[PDB]
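>
Number of protein chains: 2
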Amino acid sequence: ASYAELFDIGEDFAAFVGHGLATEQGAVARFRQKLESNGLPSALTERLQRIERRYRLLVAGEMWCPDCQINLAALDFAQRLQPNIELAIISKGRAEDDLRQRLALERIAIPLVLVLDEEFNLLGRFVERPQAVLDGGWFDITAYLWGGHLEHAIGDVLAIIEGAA
Amino acid sequence: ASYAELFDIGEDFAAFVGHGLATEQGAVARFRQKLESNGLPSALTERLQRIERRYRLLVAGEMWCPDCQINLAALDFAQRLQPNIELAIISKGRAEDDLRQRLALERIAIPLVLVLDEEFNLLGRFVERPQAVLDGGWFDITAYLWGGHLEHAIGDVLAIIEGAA
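As structure tokens, then:
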């Protein structure tokens, strides 16, 4: 299926979360509250506000995955603040079946977030975790699992949008 | 999660089908029409009508899978004819994450259909294909992919219900 066809059958975040176990919806609620209370740095907030074109994020994720709970709570926050961004979420299994060849991936690590423009051209991708976490060791991964890198998922995605033209 | 918790977040067949690509919904429509036109043997139809207790089928499946398209179209038919049976469908990924240990499976072949009673006790399972297809060769698998074993998915499931007490 084309990226447009996949984004069409993808679910929105509210629906995605609504299909999760009570425990998993509570994990997402926890990461959401951290952003709602702490907010975001002003430099990042400014970069978000300056996004004036429409971007589509095609995600492969699942509500039982801790990395999806973490990073998608973040990207939902961003999208609710900046509705020029929109997420649609398909399954890991569907990504394994239809996205592995074109993306040149042997396996699908979730969340896989594909950043597309309005004509569904692929601008880049975020895979599993923020790059500052993927460059780190035990310490960074641990703070991340605690929700201390939520702003990095947003920053990474903005970076891909910014990196394009 | 318990089998009750998993069946609760499972989607019904109509919803499951509604999230599929137009092409995949057409495949399901095709297998449905074959049952709607041809029907079922009278011996099988009788065994279906005699199911007087409530049974819950917890399925792991995905709309892009040909085996799920085939066998779940069949089991939906059965359930619409015999509403003492009810399907709820969760993802392959969630089955990989939460059902592999308790079922003693190294991998999840879909559809995985777990047959449970009303107190969510596991009576048995159907895995990927009907047993008469799994015992066959190229010829049987080919007729199966063409939809010539739809009645066997139903029969297998009734057999598990019948095999219990």
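Note that the protein sequences, when read in sequence, are chains A and A'. A prime marks a further copy of an entry chain. Counting from 1, position 149 in the first sequence corresponds to residue 150 in the entry's author numbering; the numbering is continuous, with no gaps. Counting from 1, position 78 in the second sequence corresponds to residue 79 in the entry's author numbering; the numbering is continuous, with no gaps. We treat Cβ as the ideally placed atom computed from N, Cα and C, and that holds for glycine.
1. Would you tell me roughly how many angstroms separate the C-alpha atoms of residue 54 of chain A and residue 31 of chain A', rounded to the nearest one?
2. Which one of A'/128, A'/106, A'/98 has the shortest CA to CA distance from residue 112 of chain A'?
3. Under a Cβ-count criterion, where at least 16 other Cβ atoms within 10 Å of its own Cβ denotes burial, should residue 21 of chain A' be classed as buried or exposed?
4. Of all Cβ atoms in chain A, is any one closer than 8 Å to the Cβ of residue 22 of chain A'?
5. Residues bridged to residue 128 of chain A by DSSP?
6. For residue 27 of chain A, decide whether its Cβ has a neighbour in chain A', counting only Cβ atoms nearer than 8 Å.
7. In the DSSP assignment, find the unbroken beta strand (DSSP E) run with residue 57 of chain A' in it and report its ends.
8. Starting from residue 16 of chain A', follow the alpha helix (DSSP H) in both directions and report where the run begins and ends.
9. Under 8 Å, Cβ to Cβ, is there at least one residue of chain A near residue 147 of chain A'?
10. If you measure between the beta carbons of residue 145 of chain A' and residue 130 of chain A', is that distance less than 8 Å?
11. Can you give me the C-alpha to C-alpha distance between residue 11 of chain A and residue 57 of chain A', rounded to a whole angstrom?
12. List in chain order: all unbroken beta strand (DSSP E) runs of 3+ residues lying wholly within the stretch 34 to 87 of chain A'.
13. Using 8 Å as the threshold, is the C-beta distance between residue 83 of chain A and residue 109 of chain A below it?
14. Assuming contact is defined by CB atoms lying nearer than 8 Å, are residue 152 of chain A and residue 42 of chain A in contact in what I supplied?
15. I'd like to know if residue 98 of chain A contacts chain A', where contact means its C-beta is closer than 8 Å to some C-beta of that chain.
16. Short of 7 Å Cβ to Cβ, which residues in the stretch 63 to 95 of chain A' face chain A?
17. Within 8 Å of any Cβ in chain A', is that where the Cβ of residue 6 of chain A sits?
18. Establish whether the CB of residue 161 of chain A and some CB of chain A' are separated by less than 8 Å.
19. Using DSSP with H/G/I as helix, E/B as strand and the rest coil, what is residue 123 of chain A'?
Let me lay it out:
1. As a working note, residue 54 of chain A is residue 53 in the first sequence. As a working note, residue 31 of chain A' is residue 30 in the second sequence. Cα to Cα, residue 54 of chain A sits roughly 41 Å from residue 31 of chain A'.
2. Counted from its first residue, the second sequence places residue 112 of chain A' at position 111. Checked all of A'/128, A'/106, A'/98; the closest Cα to residue 112 of chain A' is A'/128.
3. Looking up residue 21 of chain A' in the second sequence gives position 20. Answer is buried; the Cβ neighbour count reaches 16.
4. As a position in the second sequence, residue 22 of chain A' is number 21, starting the count at 1. Closer than 8 Å: yes.
5. Against the first sequence, residue 128 of chain A aligns to sequence position 127. Partner(s): A/113.
6. To locate residue 27 of chain A, count along the first sequence from 1; it is residue 26. Chain A' contact via Cβ: absent.
7. To locate residue 57 of chain A', count along the second sequence from 1; it is residue 56. Note, residue 57 of chain A': beta strand (DSSP E), 56 to 61.
8. What you label residue 16 of chain A' is simply residue 15 of the second sequence in a count that begins at 1. That run of the alpha helix (DSSP H) goes 14 to 19.
9. Stepping through the second sequence from its first residue, residue 147 of chain A' is reached at position 146. No, residue 147 of chain A' does not count as interfacial toward chain A.
10. Taking the second sequence and counting its residues from 1, the one referred to as residue 145 of chain A' is at position 144. Taking the second sequence and counting its residues from 1, the one referred to as residue 130 of chain A' is at position 129. Cβ distance < 8 Å, so residue 145 of chain A' and residue 130 of chain A' count as in contact.
11. The count along the first sequence starts at 1 and reaches residue 11 of chain A at position 10. The count along the second sequence starts at 1 and reaches residue 57 of chain A' at position 56. Cα to Cα, the separation comes out at about 27 Å.
12. 56 to 61, all fully within the stretch 34 to 87 of chain A'.
13. Within the first sequence, numbered from 1, the residue matching residue 83 of chain A stands at position 82. Within the first sequence, numbered from 1, the residue matching residue 109 of chain A stands at position 108. For residue 83 of chain A and residue 109 of chain A, no; Cβs fall outside 8 Å.
14. For the purposes of this step, residue 152 of chain A is taken as the residue at position 151 of the first sequence. For the purposes of this step, residue 42 of chain A is taken as the residue at position 41 of the first sequence. Yes, they are a contact pair.
15. Indexing the first sequence from 1 puts residue 98 of chain A at position 97. True, the Cβ-Cβ gap to chain A' drops below 8 Å.
16. 63, 65, 92, 93, 94, 95
17. Position 5 of the first sequence, counted from the start, is the residue given in the question as residue 6 of chain A. So, interface residue.
18. Taking the first residue of the first sequence as 1, we reach residue 161 of chain A at position 160. With 8 Å as the cut-off, residue 161 of chain A does not count as an interface residue toward chain A'.
19. Taking the second sequence and counting its residues from 1, the one referred to as residue 123 of chain A' is at position 122. Strand, per DSSP.
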